[PDB]
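This report refers to the structure that appears directly beneath it.
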There are 2 protein chains.
Amino acid sequence: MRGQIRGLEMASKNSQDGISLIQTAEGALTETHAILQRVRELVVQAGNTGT
Amino acid sequence: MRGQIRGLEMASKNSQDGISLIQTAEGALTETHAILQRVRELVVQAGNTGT
């Protein structure tokens with residue numbers, strides 16, 4: 001059992017490391033996303049003002 | 001009979017020597033075991049933090 005808790009605790013560390021990783025990528029993707037919103041504005045602007 | 005007690009007493013000495021031997025090995029095995037617990041933690045850490 002104490003084996004199970006040692007592996008548990010290290011797996012909770014691995015879980016937390018998970019959370020910070022996934023949140024790193026996630027926040028980066030929200031930054032990309034903010035770009036993409038400005039980009040879409042630059043599509044209706046690259047709408048050529050129509051022409 | 002006093003033969004039986006002479007052999008008895010020396011056999012109790014041999015028993016006690018037994019206890020200290022078996023406890024020597026035993027305690028050593030509990031130290032090994034403590035390692036193995038840290039090792040298991042180092043398996044979930046050699047879990048590669050997953051990857």
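In the structure tokens, the first chain shown is A, the next is B, and so on; residue numbers restart at 1 for each chain, and ligands run from 1 in the order shown.
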Original post:
Hey, what's within 12 Å of residue 10 (chain A) if we count only C-alpha atoms and toss same-chain stuff fewer than 3 positions away? As a PyMOL selection string, please?
Top reply: (chain A and resi 3-7+13-17) or (chain B and resi 37-50)
Original post:
What is the distance between CA of residue 51 (chain B) and CA of residue 33 (chain B), in Å to one decimal?
Top reply: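 A separation of 27.3 Å between them.
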Original post:
What is the CA of residue 19 (chain B) to CA of residue 1 (chain B) distance in Å?
Top reply: 26.2 Å
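Distance-wise, CA of residue 18 (chain A) and CA of residue 35 (chain B) end up 26.7 Å apart.
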